[PDB]
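Line by line, the protein sequences give chains A and C. Residues in the first sequence are numbered consecutively from 2, following the authors' numbering. Residues in the second sequence are numbered consecutively from 2, following the authors' numbering. Cβ coordinates follow ideal geometry from the N, Cα and C atoms, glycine included.
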Amino acid sequence: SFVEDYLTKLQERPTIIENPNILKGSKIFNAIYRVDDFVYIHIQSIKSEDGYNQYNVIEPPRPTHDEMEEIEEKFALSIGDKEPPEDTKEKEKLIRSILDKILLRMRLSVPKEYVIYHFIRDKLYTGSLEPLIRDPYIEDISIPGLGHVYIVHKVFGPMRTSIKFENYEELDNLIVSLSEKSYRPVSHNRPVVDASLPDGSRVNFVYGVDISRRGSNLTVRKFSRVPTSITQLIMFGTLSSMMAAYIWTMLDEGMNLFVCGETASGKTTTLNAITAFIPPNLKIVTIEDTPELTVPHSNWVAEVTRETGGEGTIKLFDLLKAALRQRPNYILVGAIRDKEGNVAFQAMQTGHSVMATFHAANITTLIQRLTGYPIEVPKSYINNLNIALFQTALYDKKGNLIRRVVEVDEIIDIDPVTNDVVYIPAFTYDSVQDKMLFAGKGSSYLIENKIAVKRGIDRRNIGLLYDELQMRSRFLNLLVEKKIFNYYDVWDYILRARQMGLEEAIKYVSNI
Amino acid sequence: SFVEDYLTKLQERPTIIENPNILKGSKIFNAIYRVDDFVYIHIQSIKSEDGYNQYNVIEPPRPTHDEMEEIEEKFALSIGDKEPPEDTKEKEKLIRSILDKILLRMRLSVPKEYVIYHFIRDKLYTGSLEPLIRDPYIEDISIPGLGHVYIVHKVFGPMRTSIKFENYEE
Ligand SMILES: Nc1ncnc2c1ncn2[C@@H]1O[C@H](COP(=O)(O)OP(=O)(O)O)[C@@H](O)[C@H]1O
Ligand SMILES: [Mg+2]
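See below:
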């Protein structure tokens, strides 16, 4: 076996372990754990001089270079005109079959199963990075330029791996090839690309020695295909159950809402979580530069922009215009920054609800940016946007990083004397006690001028609305208590609440 | 009676109603109305958690792939790299004439009227979508991606149809 082989070259043998969690804290060890049937990891407790532990990937041996060239060329010669299917499984099925035909009649330097591993690894997956992708104990992967691949391991922290890139052009080719597999090719014109690998891991590419002077570089950040849910956000303290119940009520009624803040404040995460509040039987069109939103609704159009360096380039603006003809109930724009913002408000003015993330720390800044170049939403249409929430990163007393929705504003008007926004802060934040404050009872213009009127409830039975709100807050609190945190489970519980009512829903989930 | 054929696989018995207006707005229902001679619609409420009720298309049975393929081949032959005229109604007329000419002495697994329906439906109209286009109670039709065709119905609101697209290429 390829593994046992490797061991025999060693000065002294490492102990086989199920996983590195046992090695935690320790520092006198020597171990090999299994990842795939094709990937074993050898971890060495002896630091390098620069304090890196060594992460050694054990893979089966590769065929010769000339063998590989012969195979690729034959593979290319077969089928070479036909395009492969889009479906990843059907694609791999086809490739393995074709490969099996070519190899059958060949005399290989290494076993067939090994040629197959490496061919598939390089052609369909992430090549020499694939073992790192497959190890669940890897958090982050970095190729900073020529040299080793560095990782952050959940047990050992930063480690130097046995994988090396010693050639500029080979490194360029890796970045080009991986970005193409991530559906968003780099180019010299647009050498910086954020995207996701097929497994869902986030990847950042920086292409070309003219920008990344030690060679093209990349960073992979692993993390769930399952998006963070609204119950997790409540448990984190990012928003209260009442705040979530409020948003839930508003999305039930088609309100337009922007999630605002600075970069990495968590805006996209919050937008994705609250999307689960959009009623299930509605049409959702998402428009993004790269996919991040994981919408659970069935009627979901997911559109992504494209840069070609010429004809065929499609921007958020173009997609948003097309959405006016796609009968969506909600349009979710990944981020609004340029003239697509103007079209977002056109969408609102034509009866489509909209959510987006936006870069602004407060309502004053949000309105200045919406109404100014290059967005130029006219002032009298600004109140089509109903709600702006503002989210920020902070440190607590201990120094731990936290993210908090620090204000939720209802947009009422722009005052003609003179050009200041009229708004109501429905929620605010006390940074000292780390608590969310509600305005609250009989403070919301949206509850008591839009929803109450639709309902159509009188100003003296308005308690009925605030009671439904307090109700939704209890149900959410209950989900948190019972540790219903998974995105799709939370979605199911929300749909369940739609389909038997709150009163019946709270009382159910109280049992477990 | 391709409708009766469809009906009999059904455990429950859809009421025939000829007009779905009389169901607005009932949360329980299992009925059938006619759209035209070749299209009946079976609508049904279920306990779906995402709030989509069922809109099932009832069309005549298709001829086999081999039957259809033979027909398309002969049709191509009968044209002989001649471009259609430029009118459109005179087109369908010419196409239906050629069809009769070709099906005249063929033996098909399904009635010849059904062969013509499907053939004309895929060649001239919108294929599997055509019943939805023909149904006057449908406002929106969406194929958002792989999965079901979704519609918005004047009586029932958004519904999930029985029509499915599960292959990227097609
Ligand atoms: N409420 C939260 N609590 C903790 N971490 C969060 C929260 N929201 C987002 N994150 C994490 O913070 C980082 C930035 O999140 P993201 O939603 O992309 O922010 P933005 O969209 O503002 O750039 C990501 O790693 C994400 O997993
Ligand atoms: Mg974001």
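Exercise for the section: Please report how far the alpha carbon of residue 37 of chain A lies from the alpha carbon of residue 133 of chain A, in whole angstroms. Expected result: Numbered from 1 along the first sequence, position 36 holds the residue referred to as residue 37 of chain A. Numbered from 1 along the first sequence, position 132 holds the residue referred to as residue 133 of chain A. Approximately 11 Å, taken between the alpha carbons.
Problem - C-beta atoms of residue 165 of chain A and residue 149 of chain A nearer than 7 Å - result: Along the first sequence, read from residue 1 onward, the residue named residue 165 of chain A stands at position 164. Along the first sequence, read from residue 1 onward, the residue named residue 149 of chain A stands at position 148. Yes.
Exercise for the section: Identify the continuous alpha helix (DSSP H) that holds residue 274 of chain A and give its terminal residues. Expected result: Here the question's residue 274 of chain A lines up with position 273 in the first sequence. 268-275 is the extent of the alpha helix (DSSP H) around residue 274 of chain A.
Handout entry: Neighbourhood of residue 141 of chain C by C-beta, 7 Å cutoff - its chain only, sequence neighbours within 5 removed
Key = To locate residue 141 of chain C, count along the second sequence from 1; it is residue 140. Correct list, in chain order: 152, 153.
Handout entry: Segment contact flag, the stretch 8-24 of chain C with the stretch 65-83 of chain C, C-beta cutoff 8 Å, min 3 pairs
Key = no
Exercise for the section: Can you grab the Cα-Cα spacing for the pair residue 145 of chain A / residue 228 of chain A, in whole Å? Expected result: Here residue 145 of chain A refers to the residue found at position 144 of the first sequence. Here residue 228 of chain A refers to the residue found at position 227 of the first sequence. Distance between the alpha carbons of residue 145 of chain A and residue 228 of chain A is about 28 Å.
Handout entry: Interface flag, residue 434 of chain A vs chain C, CB-CB below 7 Å
Key = Locating residue 434 of chain A in the first sequence gives position 433, where the first residue counts as 1. Answer no: the Cβ-Cβ gap between residue 434 of chain A and chain C never drops below 7 Å.
Handout entry: Beta-carbon proximity list for residue 113 of chain A, same chain, < 7 Å, skipping 5 on both sides
Key = Stepping through the first sequence from its first residue, residue 113 of chain A is reached at position 112. So the list reads 104, once near-sequence residues are dropped.
Handout entry: Straight-line Cα distance separating residue 393 of chain A from residue 266 of chain A
Key = Position 265 of the first sequence holds residue 266 of chain A. Position 392 of the first sequence holds residue 393 of chain A. Their Cα atoms are separated by approximately 5 Å.
Handout entry: Contact list for residue 493 of chain A against chain C, beta-carbon separation under 9 Å
Key = Numbered from its first residue, the first sequence carries residue 493 of chain A at position 492. Per Cβ cutoff of 9 Å: 50.
Practice task
Would you check whether ligand 1 has a heavy atom nearer than 6 Å to the C-beta of residue 264 of chain A?
Solution key: In the first sequence, residue 264 of chain A corresponds to position 263, counting from 1. Ligand 1 has a heavy atom closer than 6 Å to the beta-carbon of residue 264 of chain A.
Handout entry: Where residue 149 of chain A sits in the DSSP three-state scheme
Key = Looking up residue 149 of chain A in the first sequence gives position 148. Correct three-state label for residue 149 of chain A: strand.
Practice task
Could you tell me whether the stretch 265-283 of chain A touches the stretch 229-239 of chain A, where touching means 3 or more Cβ pairs closer than 8 Å?
Solution key: yes
Exercise for the section: Would you give the residue range spanned by the alpha helix (DSSP H) that residue 36 of chain C belongs to? Expected result: Position 35 of the second sequence holds residue 36 of chain C. Segment 31-37 is the beta strand (DSSP E) holding residue 36 of chain C; no alpha helix (DSSP H) there.
Handout entry: residue 412 of chain A in three-state terms, based on DSSP
Key = As a first step, residue 412 of chain A is located in the first sequence; it is residue number 411 there, counting from the start. Annotated three-state conformation of residue 412 of chain A is strand, per DSSP.
Practice task
Would you tell me roughly how many angstroms separate the C-alpha atoms of residue 425 of chain A and residue 316 of chain A, rounded to the nearest one?
Solution key: One-based indexing of the first sequence puts residue 425 of chain A at position 424. One-based indexing of the first sequence puts residue 316 of chain A at position 315. Computed Cα separation, rounded: 34 Å.
Problem - Proximity test, Cβ basis, 7 Å: residue 145 of chain C and chain A - result: Counting from 1 along the second sequence, the entry for residue 145 of chain C is found at position 144. For residue 145 of chain C, the answer is yes, since a Cβ of chain A falls inside 7 Å of its Cβ.
Practice task
Return the chain-ordered list of same chain residues with a C-beta closer than 6 Å to the C-beta of residue 448 of chain A, the five sequence neighbours on each side being excluded.
Solution key: On the first sequence, position 447 is the one that residue 448 of chain A refers to. Closer than 6 Å at the Cβ level, and outside the excluded window around residue 448 of chain A, lie 466.
Problem - residue 269 of chain A CB to nearest heavy atom of ligand 2 below 6 Å - result: Locating residue 269 of chain A in the first sequence gives position 268, where the first residue counts as 1. Flag set: Cβ of residue 269 of chain A near ligand 2.
Exercise for the section: Taking 7 Å as the cut-off, decide whether the C-beta atoms of residue 242 of chain A and residue 478 of chain A are in contact. Expected result: Reading the first sequence from its first residue, position 241 is the one you call residue 242 of chain A. Reading the first sequence from its first residue, position 477 is the one you call residue 478 of chain A. Taking 7 Å as the Cβ cut-off, residue 242 of chain A and residue 478 of chain A qualify as a contacting pair.
Exercise for the section: Thinking residue 513 of chain A and residue 483 of chain A are a contact (beta carbons under 8 Å), I'd like their distance in whole angstroms, please. Expected result: Indexing the first sequence from 1 puts residue 513 of chain A at position 512. Indexing the first sequence from 1 puts residue 483 of chain A at position 482. That belief holds up - the Cβ atoms of residue 513 of chain A and residue 483 of chain A are roughly 5 Å apart, short of 8 Å.
Problem - Short-range partners of chain C found in the stretch 475-499 of chain A, where Cβ spacing is below 9 Å - result: 493, 496, 497, 499
Problem - CB contact check: residue 473 of chain A to chain C, cutoff 7 Å - result: Within the first sequence, the letter at position 472 stands for residue 473 of chain A. No, residue 473 of chain A lies away from the interface with chain C (no Cβ there is under 7 Å from its Cβ).
Problem - Residues from the stretch 292-309 of chain A in contact with chain C, defined by Cβ distance under 8 Å - result: Hits within the stretch, in order: 298, 299, 300, 301, 302, 303.
Practice task
Starting from the C-beta of residue 390 of chain A, find all residues in its chain whose C-beta is less than 6 Å away, skip the five residues before and the five after it, and write them out in chain order.
Solution key: Here the question's residue 390 of chain A lines up with position 389 in the first sequence. Cβ within range, chain order: 260, 406, 409.
Problem - At least 3 beta-carbon pairs within less than 8 Å: the stretch 303-319 of chain A vs the stretch 285-292 of chain A - result: yes
Exercise for the section: Please decide whether residue 61 of chain C counts as near chain A, where near means a Cβ-Cβ distance under 7 Å. Expected result: Residue 61 of chain C sits at position 60 when you count from the first residue of the second sequence. For residue 61 of chain C, the answer is no, since every Cβ of chain A falls outside 7 Å of its Cβ.
Practice task
Run down chain A in chain order and give the residues with a C-beta less than 8 Å from the C-beta of residue 21 of chain C.
Solution key: Taking the first residue of the second sequence as 1, we reach residue 21 of chain C at position 20. Result: empty, since nearest Cβ-Cβ is about 18 Å, beyond 8 Å.
Exercise for the section: Taking only heavy atoms of ligand 1 into account, decide whether any of them is closer than 6 Å to the Cβ of residue 366 of chain A. Expected result: Translated into positions along the first sequence, residue 366 of chain A becomes position 365. False, no ligand heavy atom lies under 6 Å from that Cβ.
Handout entry: the stretch 267-291 of chain A: positions lying closer than 9 Å to chain C by Cβ
Key = 280, 281, 282, 283, 284, 285, 286
Exercise for the section: In the DSSP assignment, find the unbroken alpha helix (DSSP H) run with residue 344 of chain A in it and report its ends. Expected result: As a first step, residue 344 of chain A must be located in the first sequence, where it is residue number 343. Residues 341-350.
Problem - Enclosing beta strand (DSSP E) for residue 390 of chain A [first to last residue] - result: In the first sequence, residue 390 of chain A corresponds to position 389, counting from 1. Its beta strand (DSSP E) spans residues 388-396.
Practice task
Just the C-alpha distance for residue 246 of chain A and residue 326 of chain A, rounded to the nearest angstrom, thanks.
Solution key: Translated into positions along the first sequence, residue 246 of chain A becomes position 245. Translated into positions along the first sequence, residue 326 of chain A becomes position 325. Going from the Cα of residue 246 of chain A to the Cα of residue 326 of chain A covers about 32 Å.
Practice task
Pick out whichever of A/46, A/50, A/15 has its Cα sitting closest to the Cα of residue 35 of chain A.
Solution key: On the first sequence, residue 35 of chain A is found 34 positions in, with the first residue counted as 1. Per the Cα distances, A/15.
Handout entry: C-alpha distance - residue 167 of chain A paired with residue 198 of chain A, whole-angstrom precision
Key = In the first sequence, residue 167 of chain A corresponds to position 166, counting from 1. In the first sequence, residue 198 of chain A corresponds to position 197, counting from 1. In a straight line, the C-alpha of residue 167 of chain A is about 23 Å away from that of residue 198 of chain A.
Handout entry: Strand pairing of residue 492 of chain A, partner residues [DSSP]
Key = In the first sequence, counting from the first residue as 1, residue 492 of chain A sits at position 491. For residue 492 of chain A, which the question treats as bridged, DSSP gives no partner whatsoever.
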